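S.K.: Begin with these chain(s), straight out of the complex:
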Amino acid sequence: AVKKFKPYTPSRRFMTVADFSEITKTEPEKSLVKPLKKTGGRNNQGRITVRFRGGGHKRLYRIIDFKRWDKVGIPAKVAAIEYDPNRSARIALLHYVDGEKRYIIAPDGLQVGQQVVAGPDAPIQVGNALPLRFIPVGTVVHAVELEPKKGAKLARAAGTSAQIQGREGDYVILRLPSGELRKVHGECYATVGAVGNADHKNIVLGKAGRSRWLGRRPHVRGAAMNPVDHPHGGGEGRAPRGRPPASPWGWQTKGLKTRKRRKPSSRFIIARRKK
């Protein structure tokens, strides 16, 4: 759900926060966390390469297991469901019977106390990982490797999912969260179910301060600037665009397709996305 507030301040009026209901543990595993190095959007040259970033709350990086084919046939129990500040999804703590402890992103309906497992022979159940070829066509799925053994790349965001549409050769057909239809190799792993915390998108930051907490510094419009800065810069009083709407770097920002046409993965994309 989403938590509301009474308007006892102007900002408190619209501000909403996550309910955190599924969260069962409020500090992480000491052995699964490492310090996150904040960049501020600066590269090794020390230059801002991504504008408007910095000043957010300090975070620890929780190591996440994006392989899972790492421990085939070795069942694990769900010890807890925890808060991960580095991603929109909630994360689940797995105590393997091995005694090894790992983190996965927590699928919807996943409950603490249940058993999960990974492998070709695994049941088709929420939280289990199988290579895509062994998953029944038409089941919803998340955390999908794009290529075999290369790590789970697709559908990791809160609420997101990908669905298996059918099979063709060594490949399967997925409908990505975005609506693109794509061939993904059959040996690629995927966890069944959809990523949890689906109410994530209904959160209303409510005030400028909240953006600042997330490390999002204020974004200044092109039209608010001067010609030295931006194509939409300058003008006496307010001005319209007066040219095709453009980025600070001059390229067109309404409609211009930007992916490389000759990209090798084109052979594997059946249909460009959705809405």
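M.R.: Structure's in. What do you need? Numbering: from 1, shown residues only, chains lettered A, B, ... in the order given.

S.K.: just the helices in chain A please.
M.R.: In chain A, helices defined by DSSP state H lie at A:208-213, listed in chain order.

S.K.: Give me the residue at the spatial middle of it.
M.R.: Centrality entry for chain A: nearest residue to the mean C-alpha point is residue A:157, 3.1 Å, by Cα atoms, centre = their mean.

S.K.: who's in contact with that residue?
M.R.: Going by Cβ atoms under 8 Å, 6 or more residues apart in numbering, residue A:157 touches A:87, A:88, A:89, A:177, A:195. (Each C-beta comes from the backbone N, C-alpha and C, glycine too.)

S.K.: Could you do residue A:141 as well?
M.R.: Residue A:141 sits next to A:132, A:135, A:155, A:161-164, A:174, A:190-194 when contact means Cβ under 8 Å, 6+ apart.

S.K.: most neighbours, which of those residues?
M.R.: Counting neighbours by other Cβ atoms under 10 Å, residue A:190 comes out on top of those with 28 neighbours.

S.K.: tell me the contacts of that one?
M.R.: Taking Cβ under 8 Å, 6+ apart as the test, what residue A:190 contacts is A:129, A:130, A:131, A:132, A:135, A:141, A:142, A:143, A:144, A:145, A:152, A:162.

S.K.: Would you mind naming the residues that bridge with the second one?
M.R.: Using DSSP bridges, the bridge partners assigned to residue A:130 are residue A:190.

S.K.: put chain B on too:
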Amino acid sequence: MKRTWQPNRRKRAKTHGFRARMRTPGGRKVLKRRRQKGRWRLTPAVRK
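M.R.: Adding chain B to what we have so far:
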């Protein structure tokens, strides 16, 4: 008001110091020039 010169012993040494000059092509040229001009000090005086 707060003025521009705010002395700092570490800052000075690390910025204009001898070892700072020698590390870089531009810094070695400074030392060479100041040696050639016959400067008594090649680098700012800072007490550490």
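
S.K.: What sits closest to the residue nearest to the spatial centre of chain B if chain neighbours are left out?
M.R.: Computing the C-alpha centroid of chain B and ranking residues by Cα atoms, centre = their mean puts residue B:16 first, at 2.7 Å. Leaving out its chain neighbours, the residue that sits closest to residue B:16 by Cβ to Cβ, 6 or more residues apart in numbering or on different chains is residue B:44, at 4.8 Å.

S.K.: and that neighbour, helix, strand or coil?
M.R.: coil (DSSP: H, G, I helix; E, B strand; the rest coil).

S.K.: Who are the contact partners of it?
M.R.: B:12, B:16, B:17 (Cβ atoms under 8 Å, 6 or more residues apart in numbering or on different chains).

S.K.: Count residues in the vicinity of the closest residue to residue A:274 other than its chain neighbours, would you?
M.R.: Spatial nearest neighbour of residue A:274, chain neighbours left out: residue A:179 (2.5 Å); criterion: Cβ to Cβ, 6+ apart. Residue A:179 has 11 neighbouring residues, counting by other Cβ atoms under 10 Å in any protein chain shown.

S.K.: again with residue A:138
M.R.: So residue A:138, with other Cβ under 10 Å, has 9 neighbours.

S.K.: isn't it right up against residue A:163?
M.R.: Yes - with contact defined as Cβ atoms under 8 Å, residue A:138 counts as touching residue A:163 (7.1 Å).

S.K.: sequence below should go in as RNA strand C:
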RNA sequence: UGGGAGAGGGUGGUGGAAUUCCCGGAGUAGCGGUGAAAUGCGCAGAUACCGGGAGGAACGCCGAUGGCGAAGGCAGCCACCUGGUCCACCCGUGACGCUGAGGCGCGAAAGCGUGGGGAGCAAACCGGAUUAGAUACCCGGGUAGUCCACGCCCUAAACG
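M.R.: If we add RNA strand C to the chains shown above, we get the following:
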């Protein structure tokens, strides 16, 4: 106590027909539409035909002048949860009844909020026709919406 009929209600699941779109094949000079046409679609290969896929919505025959519900309303099929109701036997309680100003709940369609969905249909809107005109009726398009979830609205030729 024992039985029966039913689209009464809610949840989950699932079946085939049809339309649209996409893919492959085969094939060529028109298709579509009307009162008649025009817009539209079509040699950049359409319509008509066969194969493959995706998706939404509605359930043909049974089907009735029939059935259920207090009313609005309720129709593929399956399972679960649940309401009302009729009959029987003449067993229990002993008038515990009727109605009901306020209150509470329910309440077709349209409409509104948040999110999803979107094949067909279609306000608005555009175009073609008709016409003196045609902000219409007819035709080709088409956005909300029609569908789902939750929350509102609380109206009706809500009629027997």
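
S.K.: now with RNA strand C: the contacts of residue A:141?
M.R.: Counted by Cβ under 8 Å, 6+ apart, residue A:141 has contacts A:132, A:135, A:155, A:161-164, A:174, A:190-194.

S.K.: bridging residues for it?
M.R.: Assigned bridge partners for residue A:141, using DSSP bridges, are residue A:162, residue A:192.

S.K.: Could you measure from it over to residue A:77?
M.R.: 22 Å (Cβ to Cβ, to the nearest Å).

S.K.: same question, residue A:115
M.R.: With distances taken as Cβ to Cβ, residue A:115 is found 6 Å from residue A:77.

S.K.: My guess is residue A:67 contacts residue A:150. True?
M.R.: No - look at residue A:67 against residue A:150 with Cβ under 8 Å: they stay out of range, at 9.3 Å.

S.K.: biggest helix in chain B by residues?
M.R.: Criterion DSSP H: the longest helix present in chain B is helix B:25-37.

S.K.: Extract the C-alpha set from stretch A:118-137 and format it as PDB.
M.R.: Provided in PDB are the C-alpha atoms of stretch A:118-137 (Å, rounded to 0.1, in the frame of the first residue of the first chain):
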ATOM      1  CA  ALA A 118      17.200 -23.000  -8.700                       C
ATOM      2  CA  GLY A 119      17.800 -25.500 -11.500                       C
ATOM      3  CA  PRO A 120      16.400 -27.300 -14.600                       C
ATOM      4  CA  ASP A 121      14.300 -29.500 -12.400                       C
ATOM      5  CA  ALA A 122      13.000 -26.900 -10.100                       C
ATOM      6  CA  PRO A 123       9.200 -26.500  -9.500                       C
ATOM      7  CA  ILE A 124       7.400 -23.700 -11.300                       C
ATOM      8  CA  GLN A 125       7.000 -21.600  -8.200                       C
ATOM      9  CA  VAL A 126       7.500 -18.000  -7.100                       C
ATOM     10  CA  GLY A 127      11.200 -17.400  -6.200                       C
ATOM     11  CA  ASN A 128      12.600 -20.400  -8.200                       C
ATOM     12  CA  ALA A 129      15.100 -20.000 -10.900                       C
ATOM     13  CA  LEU A 130      15.300 -22.100 -14.100                       C
ATOM     14  CA  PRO A 131      16.800 -21.600 -17.400                       C
ATOM     15  CA  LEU A 132      14.100 -20.100 -19.700                       C
ATOM     16  CA  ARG A 133      13.700 -23.200 -21.900                       C
ATOM     17  CA  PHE A 134      12.400 -25.200 -18.900                       C
ATOM     18  CA  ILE A 135       9.700 -22.700 -17.900                       C
ATOM     19  CA  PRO A 136       6.200 -23.300 -19.300                       C
ATOM     20  CA  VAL A 137       5.200 -20.800 -22.000                       C
END
